[PDB]
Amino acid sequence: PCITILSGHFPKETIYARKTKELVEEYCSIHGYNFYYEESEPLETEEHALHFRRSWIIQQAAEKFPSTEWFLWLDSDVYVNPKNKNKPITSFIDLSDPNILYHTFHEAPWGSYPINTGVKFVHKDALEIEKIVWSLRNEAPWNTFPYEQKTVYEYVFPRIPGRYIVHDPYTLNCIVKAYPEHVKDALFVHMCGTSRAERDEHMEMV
């Protein structure tokens, strides 16, 4: 399928995010995926609004790449494992069921929520849903942690029974501290919960 990977970060001075951007862009070039990257400074800078911004950036990606079938959001703290950069996304996940609108990933047993949306596949037919997710950013309880992640799991999922899958995260949302043993074989490696300087240091070793 036509896949558009999207992400974003501000400011440009944040080195780890420059590096993850580079690796994602390279990965897209290898497999012919579209790549959308939001470099603008957010107008709403509170923690909740920052987390929700992915559901606004997806519309940017849809406008730029109208032929997209699958949108793939990656946090700026996610990168493509160099060992696996020559392998397409479809070698790791089956996107053939026409009924699915979201592919998401758990973070068990080490995490704190049933899904981790640092990596999130959204079908083109869920763009109007993402518009709703964005609209909920300033309404309780969706404006409370974990924000868009809670909104997807607790607002969206109940309303689309059978049209989402929660997958093991070992290859596609491979949280570094939680699944160190799987990092080597992952496609998407997720530097979740760590500081900027810690991320800079990790990326230097990549």
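Counting begins at 1, following the sequence as shown.
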Report summary line: When mean C-alpha B-factors in the record are compared for 167-175 and 42-50, the larger belongs to 42-50
Requested in this report: Relative to the other modelled residues of the same chain, rank the CA B-factor of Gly111 and answer lowest, middle or highest third.
Outcome: middle
Query raised in the report: In terms of the CA temperature factor given in the entry, to which third of its chain does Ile3 belong: lowest, middle or highest?
Result: middle
Requested in this report: Please rank the C-alpha B-factors of the chain's modelled residues and tell me whether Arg159 sits in the lowest, middle or highest third.
Outcome: lowest
Report task. Looking at the entry's B-factor column for C-alpha atoms only, identify whether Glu139 ranks in the lowest, middle or highest third of its chain. Result -> highest
Report summary line: Entry-reported C-alpha B-factor of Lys150 relative to its chain, by third, is lowest
